[PDB]
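A.B. asks: Structure below; questions to follow.
Any read-out appearing in this document is the output of simple, stated calculations on the displayed coordinates, not a laboratory observation. Here Cβ is always computed from backbone atoms with ideal geometry, including for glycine, and neighbour counts include all displayed protein chains.
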Amino acid sequence: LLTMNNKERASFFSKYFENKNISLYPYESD
Amino acid sequence: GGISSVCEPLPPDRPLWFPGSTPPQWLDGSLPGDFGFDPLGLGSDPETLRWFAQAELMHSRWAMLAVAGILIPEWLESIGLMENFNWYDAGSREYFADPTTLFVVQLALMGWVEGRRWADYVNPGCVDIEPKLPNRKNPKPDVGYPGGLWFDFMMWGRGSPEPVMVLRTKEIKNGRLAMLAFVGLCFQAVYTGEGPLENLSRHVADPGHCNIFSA
Ligand code: CLA
Ligand code: CLA
Ligand code: CLA
Ligand SMILES: CC1=C[C@H](O)CC(C)(C)[C@H]1/C=C/C(C)=C/C=C/C(C)=C/C=C/C=C(C)/C=C/C=C(C)/C=C/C1=C(C)C[C@H](O)CC1(C)C
Ligand SMILES: CC1=C[C@H](O)CC(C)(C)[C@H]1/C=C/C(C)=C/C=C/C(C)=C/C=C/C=C(C)/C=C/C=C(C)/C=C/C1=C(C)C[C@H](O)CC1(C)C
């Protein structure tokens, strides 16, 4: 319905945080 | 637990050059090859001690290179893979250029890098040669022990197989041995009038004779 209530025509059926991310970049070898 | 890249000073009960004696107060075991040997007290001033440590390191490396370049070609000539090698007469040979112009070119080229090393000693980190790659972090090297891509392409320092202090004392000890060796070769070439390995051969046979006391 795209948060545009007016599109409610189906009206029925047919019958995640906490991971945390850091900035990682590849770098040259030894 | 991991690899420690800092030099560990020797304990105050380390072996000394003269066991039973008191080591000097300015030699606390923080330098490579520290055996408490300073009869004249030349390392009393810490700044002069650092300069003398760098000078000893430089003399060590040049002496090891010198003795290698004397012995290995001499060992090849005795084997027979060098036709007319003689380290005493090597300076008076005929090359593609005169010794004077070669000396001037060598002076310029070597005074570039010796002077870059001088600037590093005076100002550590002022000259950096190891590349500054976008996310690689370059560890800060000790003065007189540089080396990333070029001088330490093996990563044998910085705590790898033997701790940095152990390898530094090994280097310093081999260097002192090489300085003594080179001075011995310089005196033998003008005293015995022969080569190093030949002198070793005549000393190993009948060592009671063929010595300093028989020319
Ligand atoms: C660093 C070790 C070293 C070694 C292994 C040698 C080895 C040799 N030398 Mg040389 N020599 C050296 C340093 C050394 N020299 C030094 C520092 C000098 C003078 C500044 C000389 C000057 C010299 C002369 C004038 C003669 C030799 C000759 C010889 C032979 C011994 C016989 C002798 O009379 O000389 C002993 C001479 C001395 C002046 C003693 C110097 C000893 C230094 C101070 C310390 C070395 C001790 C230390 C424990 C080394 C470890 C031994 C081993 C594990 C390497 C032998 C082949 C002789 C030769 O070959 O004749 C046929 C000879 O005529 N040498
Ligand atoms: C190239 C010069 C050289 C220099 C600058 C040094 C410098 C140093 N030494 Mg090393 N050392 C050398 C060669 C050198 N060494 C050699 C050849 C040996 C074996 C004999 C040793 C064995 C040694 C030991 C056993 C110890 C040191 C230690 C020290 C440190 C304190 C002492 C001092 O203040 O030195 C100041 C030195 C100089 C300014 C040189 C002065 C020399 C006079 C002016 C003349 C040279 C004498 C004569 C010509 C010798 C000829 C050869 C001989 C066989 C006849 C300092 C980093 C101590 C340490 O703590 O290690 C870091 C210590 O325990 N050294
Ligand atoms: C004689 C023994 C010796 C020893 C034990 C040391 C020890 C030390 N050095 Mg010193 N060094 C020496 C001689 C020595 N050095 C010489 C002659 C020079 C003048 C060129 C230097 C100048 C120097 C620099 C500029 C640097 C060091 C660094 C270091 C560390 C590296 C580990 C090591 O070198 O490998 C121990 C094992 C060896 C030395 C074996 C000997 C090598 C054989 C003879 C030949 C090499 C084989 C082959 C021909 C090379 C590969 C071929 C390839 C180019 C195609 C360690 C603390 C690094 C540092 O301190 O950073 C933390 C640093 O970057 N050293
Ligand atoms: C007494 C005292 C006192 C106080 O207290 C303390 C102390 C200071 C510790 C003590 C001790 C001292 C001492 C003993 C010292 C010594 C030194 C030396 C020996 C050096 C050498 C050193 C040495 C060195 C560098 C060397 C160098 C060399 C060279 C470059 C060479 C070159 C060459 C070659 C190869 C070959 C060719 O064909 C020729 C030429 C070209 C010629
Ligand atoms: C005198 C006489 C007399 C009679 O006649 C006879 C007789 C007895 C034989 C004699 C004696 C002798 C002697 C004892 C000698 C000694 C010597 C030495 C010690 C050397 C070293 C020597 C030594 C040497 C070269 C060394 C070198 C080294 C090098 C380059 C290094 C390199 C490197 C580095 C840094 C780092 C990285 O990461 C790795 C690499 C890249 C690897």
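A.B. asks: Within segment B:45-68, identify whether any single residue is more than 23 Å from B:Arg168 (Cα to Cα) and either more than 10 Å from ligand 4 (Cβ to nearest atom) or among the hydroxyl-bearing types (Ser, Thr, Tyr) (or both), and answer yes or no.
C.D. replies: Here is the first cut: in segment B:45-68, the ones more than 23 Å from B:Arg168 (Cα to Cα) are none.
No, the conditions are met nowhere in segment B:45-68.
To keep it simple, each residue is scored yes or no on (1) under 30 Å from B:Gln188 (Cβ atoms); (2) of a type in the set (A, V, I, L, M); (3) touching a strand residue (DSSP E or B) at 6+ places or on another chain (Cβ under 6 Å); (4) in a helix (DSSP H, G or I).
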| site | (1), (2), (3), (4) |
| --- | --- |
| B:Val6 | no, yes, no, no |
| B:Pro19 | no, no, no, no |
| B:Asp28 | no, no, no, no |
| B:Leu31 | no, yes, no, no |
| B:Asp38 | yes, no, no, no |
| B:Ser44 | no, no, no, no |
| B:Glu47 | no, no, no, yes |
| B:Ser60 | yes, no, no, yes |
| B:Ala68 | yes, yes, no, yes |
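A.B. asks: Given the options B:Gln106, B:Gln188, name the one that is under 21 Å from B:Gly69 (Cα atoms) and touching a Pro at 6+ places or on another chain (Cβ under 9 Å).
C.D. replies: Values: B:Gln106 fails: touching a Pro at 6+ places or on another chain (Cβ under 9 Å).
Only one candidate passes the filter, namely B:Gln188.
A.B. asks: Determine the pairs where a residue that is more than 6 Å from ligand 5 (Cβ to nearest atom), located within segment B:173-195, has a partner that is among the aromatic types (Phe, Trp, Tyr) with Cβ atoms under 6 Å apart, the partner being 6 or more residues away or on another chain.
C.D. replies: Going by the 6 Å Cβ cut-off, the qualifying pairs are B:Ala189/B:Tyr88.
A.B. asks: Could you list all residues from segment B:61-111 that are surrounded by 11 or more Cβ atoms within 10 Å (Cβ to Cβ), of a type in the set (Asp, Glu) and over 22 Å from the mean Cα position of the chain (by Cα)?
C.D. replies: Selection gives B:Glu77 alone.
A.B. asks: Does B:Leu167 meet the test of being in contact with a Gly (Cβ under 8 Å, 6 or more places away or on another chain) and within 13 Å of ligand 5 (Cβ to nearest atom)? Outline the logic, then answer.
C.D. replies: Working: in contact with a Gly (Cβ under 8 Å, 6 or more places away or on another chain): yes; within 13 Å of ligand 5 (Cβ to nearest atom): yes.
Against the criterion (in contact with a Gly (Cβ under 8 Å, 6 or more places away or on another chain) and within 13 Å of ligand 5 (Cβ to nearest atom)), B:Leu167 qualifies.
A.B. asks: Right, another one. Would segment B:206-213 turn up any residue that is within 14 Å of chain A (Cβ to nearest Cβ), charged (D, E, K, R) and not in a helix (DSSP H, G or I)?
C.D. replies: First, the residues of segment B:206-213 that are within 14 Å of chain A (Cβ to nearest Cβ): none.
The answer is no; no qualifying residue exists.
A.B. asks: Hey, among B:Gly159, B:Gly125, B:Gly115, which residue is outside any loop (DSSP other than H, G, I, E, B) and out of contact with any strand residue (DSSP E or B) (no Cβ under 8 Å at 6 or more places or on another chain)? Step through it out loud before you land on a result.
C.D. replies: Working: B:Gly159 fails: outside any loop (DSSP other than H, G, I, E, B); B:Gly125 fails: outside any loop (DSSP other than H, G, I, E, B).
Checking each option against the conditions leaves just B:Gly115.
A.B. asks: Follow-up. Among the residues of segment B:160-215 satisfying the criterion of being more than 27 Å from the chain's Cα centre (by Cα) and of a type in the set (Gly, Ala, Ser), which is nearest to ligand 2 (Cβ to nearest atom)?
C.D. replies: Within segment B:160-215, the match that is nearest to ligand 2 (Cβ to nearest atom) is B:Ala215.
A.B. asks: Given the conditions (1) surrounded by 10 or more Cβ atoms within 10 Å (Cβ to Cβ); (2) of a type outside the set (A, V, I, L, M); (3) within 14 Å of chain A (Cβ to nearest Cβ), and given that B:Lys137 satisfies all but one, which numbered condition is not satisfied?
C.D. replies: It fails just one condition, (1).
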